[PDB]
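Participant: What follows is a single structure, and I will ask about it in a moment.
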Amino acid sequence: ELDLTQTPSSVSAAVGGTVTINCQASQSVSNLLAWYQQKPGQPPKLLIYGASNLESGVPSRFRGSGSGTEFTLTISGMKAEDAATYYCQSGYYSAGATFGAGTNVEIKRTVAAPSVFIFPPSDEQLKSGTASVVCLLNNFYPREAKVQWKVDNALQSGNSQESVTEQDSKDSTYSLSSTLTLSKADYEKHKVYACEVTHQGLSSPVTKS
Amino acid sequence: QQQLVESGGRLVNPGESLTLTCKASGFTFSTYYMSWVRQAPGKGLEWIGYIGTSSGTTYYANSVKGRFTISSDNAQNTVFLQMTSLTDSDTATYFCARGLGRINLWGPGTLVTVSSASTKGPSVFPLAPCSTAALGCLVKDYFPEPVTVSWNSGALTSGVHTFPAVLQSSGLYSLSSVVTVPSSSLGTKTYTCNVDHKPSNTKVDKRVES
Amino acid sequence: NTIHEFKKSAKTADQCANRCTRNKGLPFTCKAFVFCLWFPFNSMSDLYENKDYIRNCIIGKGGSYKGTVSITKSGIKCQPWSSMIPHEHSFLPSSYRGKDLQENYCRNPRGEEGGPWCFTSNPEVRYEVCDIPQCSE
């Protein structure tokens, strides 16, 4: 039909930095192109329409240009809030309307190490047959971390799941929860417990119990 | 305060049919393109169809054309997405949107899940702390998505991390919401998880305690 | 020169318009012309029609208006019907024949109670009713 190829997959920058995103079309479109921003849990926001026309309320740092099959989007002075996914879209009365694959934008940041917590399974969940134990990593950069569970006393693995938040809009950091689930009895016999974290921000990995 | 609000999103069996509705508030119809745009979990946006309120003319995407159809009630400022022969690939959040090429207005979206699994309500367990300290609520073993969590009915937003849910081995979603607060305030101020699971119509408030 | 004062429909010079404007050497009143050659009859009976013989007046709803007014009551310049910018819409001439949707001329293709309106060139205002006097006024 109509193919909108959007490149690259992801781009990174620090505050004040500049980022450029490309959209290229299988057919001509004649300045009928639009740029959208989307943060997780939210609908997209209209940034650019036509190819250059800036929707009201939107900072001038956002720059749209192009024509025929070549389009570009440049965020010039970059704030923490710009961290989102951005999409190129072309829509015409008929036929059709199509989006790009999107492009993820990360904010480069001063390295920050996570604040580590560890949580007890509640009495109530223990009344039931199961027991989950969570380890919390808070506000850290960069995204990459290593978490490993051990207690009484080693390498309990294949039974954990981890979820990671999106990058914060204010401090450009991430956070992550790792959860280890086991039957009641297994954990039940054992008493104290511990989680282990390896991150660029920390000198030697941290164990919280 | 011009709004778009979607409804109808629920859990459906494959091969069945479903009808989503978008209602607009605070503006004339009129005069506009109404498009539906969906987004599968963790994927990109996919436009799927539009209707011109005035024209009555509809256009559908190839991924959808055979089985979906769009209608309107201008008098009631409402658009109907009527879906049939649903497959697993249709599982997504569906957005009612104002426009075709220029989309100034979006709904928050309604989540459609095409599955043979049954609706299960979440169990809420307190994540108890042990200066600044973290505490949480654990929303476990629910299906389908999604679950919204707030703290003290929206009074507490600062430093709150509600994690993206993960599909467990059991086939049920699980999620954690956490918050950093002063340790001193553990005895005095009252912290409650406000958990809402719309697909089950489940609402739970749970006072987390040390 | 005198082409300025003509409702020109393209694809359908100054000497022609001038000699039509003066009615110099004409056995009638020159209501229209093509670029040249003249007529004592317009399309209502490159084409150029005299705005004196284009009724700048309407009845109630004004479904058969065809003037050249292109301003809103707020005084905003109308957006061309060919353009989707700033505002996109389903009002192509192929969907609407004889209703005359060209340039940015005020129009009322569906006999709205508002009378003729236009799409503004202001992005924030999609469409506004053009201020047009009725004959009865």
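Since every read-out is calculated from the coordinates, none of them should be taken as a lab result. Positions of Cβ are generated from backbone atoms using ideal geometry, with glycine treated the same way; all protein chains shown enter the neighbour counts.
Participant: Do any of B:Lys43/B:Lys198; C:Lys7/C:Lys99; A:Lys189/B:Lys206; A:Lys39/A:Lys208 go past 25 Å between their Cα atoms, and which? Can you show the working numbers first?
Facilitator: On the way: B:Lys43/B:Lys198 23 Å; C:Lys7/C:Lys99 15 Å; A:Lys189/B:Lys206 28 Å; A:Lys39/A:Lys208 32 Å.
As for pairs spanning more than 25 Å Cα to Cα, those are A:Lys189/B:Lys206; A:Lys39/A:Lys208.
Participant: Could you work out the helix-only [θ] at 222 nm for chain A, with each DSSP H run of four or more residues adding -39,500 (n - 2.57) and the total divided by the number of residues, to the nearest 500 deg cm²/dmol? Display every interim value, and only then the final one.
Facilitator: Numbers: 2 runs with 11 residues, N = 209.
Dividing the helical sum by the residues of chain A leaves -1000 deg cm²/dmol.
Participant: Add +1 for every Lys or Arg and -1 for every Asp or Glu among the other residues with Cβ under 10 Å from the Cβ of B:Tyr173, and state the total. List each step's numbers first, then the result.
Facilitator: Details: positive: B:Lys120, B:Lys140; negative: B:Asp141, B:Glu145.
Around B:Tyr173, the surrounding residues sum to 0.
Participant: May I pose another question? Give me the net charge for the shell around B:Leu86: Cβ to Cβ below 13 angstrom, other residues only, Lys and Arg +1, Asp and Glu -1.
Facilitator: Details: positive: B:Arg10, B:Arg38, B:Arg67; negative: B:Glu16, B:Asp88, B:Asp90.
Counting the neighbours of B:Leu86, the net charge comes to 0.
Participant: How large is the dipole of chain B about the Cα centre if only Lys and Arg carry +1 and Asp and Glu carry -1, each at its Cβ, rounded to the nearest 20 debye? List each step's numbers first, then the result.
Facilitator: Values: 15 positive and 11 negative charges, 38 e Å.
Approximately 180 debye in magnitude.
Participant: If you put +1 on each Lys and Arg Cβ and -1 on each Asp and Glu Cβ, how big is the dipole of segment A:1-155 around its Cα centre, in Debye rounded to 20?
Facilitator: Working: 11 positive and 11 negative charges, 80 e Å.
Around 380 debye, computed over segment A:1-155.
Participant: On to the next question. Please get the size of the charge dipole for the protein assembly as shown, origin at its Cα centre, with Cβ charges of +1 on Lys and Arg and -1 on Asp and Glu, quoted in debye to the nearest 20.
Facilitator: So the dipole magnitude of the protein assembly as shown works out to roughly 920 debye.
Participant: At most 15 other Cβ atoms within 10 Å and a DSSP loop assignment: could you name the trypsin sites (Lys or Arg not before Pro) in segment C:65-137 that fit? Kindly include the intermediate steps, with their values, before the conclusion.
Facilitator: Working: sites: C:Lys66, C:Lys73, C:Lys77, C:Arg97, C:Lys99, C:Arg107, C:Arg110, C:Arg126; in loops: C:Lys66, C:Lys73, C:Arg97, C:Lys99, C:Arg110, C:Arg126.
For trypsin sites (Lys or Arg not before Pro) across segment C:65-137 that sit outside H, G, I, E and B with at most 15 neighbouring Cβ atoms in 10 Å, the list reads C:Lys73, C:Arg97, C:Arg110.
Participant: Stokes-Einstein diffusion coefficient for segment C:1-82 at 37 °C in a medium of 0.692 mPa s, Rh from the Kirkwood formula over Cα pairs: what value in µm²/s? Intermediate values should be presented prior to the final figure.
Facilitator: On the way: Rh = 14.1 Å.
Answer, rounded: 233 µm²/s.
Participant: Are there trypsin sites (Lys or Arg not before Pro) in segment B:42-111 that DSSP puts in a loop and that have at most 11 other Cβ atoms within 10 Å, and which ones? Mind showing how you got there, number by number?
Facilitator: Values: sites: B:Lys43, B:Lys65, B:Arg67, B:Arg98, B:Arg102; in loops: B:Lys43, B:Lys65, B:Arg67, B:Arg102.
Listed in order of number, the matching sites are B:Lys43.
Participant: As I understand it, the dipole of segment A:121-209 uses +1 on the Cβ of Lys and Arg and -1 on the Cβ of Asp and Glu, about the Cα centre. Which of A:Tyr141, A:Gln167, A:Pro121 lies farthest toward its positive end?
Facilitator: A:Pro121
Participant: What are the equivalent ellipsoid semi-axes of the protein assembly as shown, built from the alpha-carbon gyration tensor (square roots of five times its eigenvalues), in whole angstrom, biggest first?
Facilitator: On the way: eigenvalues 749, 120, 78 Å².
For the protein assembly as shown, the ellipsoid semi-axes come out as 61, 25, 20 Å.
Participant: Could you point to the residue in B:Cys193, B:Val147, B:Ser89 farthest towards the positive end of chain B's charge dipole, with +1 and -1 charges on the Cβ of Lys/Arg and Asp/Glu respectively?
Facilitator: Final value for the positive-end residue is B:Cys193.
Participant: What is the ratio of the Cα radius of gyration of chain B to 2.2 N^0.38 Å, with N the residue count, to two decimals? Working shown, then result.
Facilitator: On the way: Rg = 20.1 Å, N = 210, 2.2 N^0.38 = 16.8 Å.
Rounded to two decimals, the normalised Rg is 1.20.
Participant: Please express the Cα-Cα pair-distance distribution P(r) of segment B:122-187 as a list of whole percents, one per 5 Å bin, running from 0 to the bin with the greatest distance.
Facilitator: Cα pair-distance distribution for segment B:122-187, in percent: 4, 17, 25, 23, 15, 9, 5, 2.
Participant: In the calculated pair distance distribution of segment A:119-209, what percentage of Cα-Cα distances lie above 22 Å?
Facilitator: Numbers: 1311 of 4095 pairs.
Tail of the P(r) past 22 Å holds 32 percent of the pairs.
Participant: Moving to a separate point now. Count the net charge of all other residues whose Cβ sits under 15 Å from the Cβ of A:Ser26, scoring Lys and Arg as +1 and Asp and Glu as -1. Provide the component values of the computation, followed by the final result.
Facilitator: Working: positive: none; negative: A:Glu1, A:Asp3, A:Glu70.
Value of the local net charge: -3.
Participant: Can you work out the Karplus-derived ³J(HN,Hα) for every residue in segment C:124-133? Use 6.51 cos²θ - 1.76 cosθ + 1.60 with θ = phi - 60°, whole Hz, and x for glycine or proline.
Facilitator: Coupling constants for segment C:124-133: 5, 9, 5, 9, 9, 6, 6, 7, 10, x Hz.
Participant: While we're here: Over all distinct alpha-carbon pairs, what is the Kirkwood Rh of segment C:9-137 in angstrom? Write down the numbers at each step before the final one.
Facilitator: Details: mean 1/r = 0.0625 Å⁻¹.
Value: 16.0 Å, from the Cα pair sum.
Participant: A follow-up question, please. Would you mind giving the mean number of other chain beta-carbons within 10 Å of the Cβ of each residue in C:82-88, as a whole number? Please report the intermediate quantities before stating the final value.
Facilitator: Details: counts 0, 1, 10, 9, 5, 5, 12.
Mean partner shielding for this stretch: 6.
Participant: Follow-up. For segment A:55-195, take the alpha-carbon Rg, divide it by the Kirkwood Rh, and send me Rg/Rh. Numbers along the way, then the final one.
Facilitator: Values: Rg = 22.6 Å, Rh = 19.1 Å.
Result for segment A:55-195 is an Rg/Rh of 1.18.
Participant: Separate question: If pairing requires two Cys Cβ atoms under 4.7 Å apart, which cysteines of the protein assembly as shown are left without a partner?
Facilitator: That list is B:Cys130.
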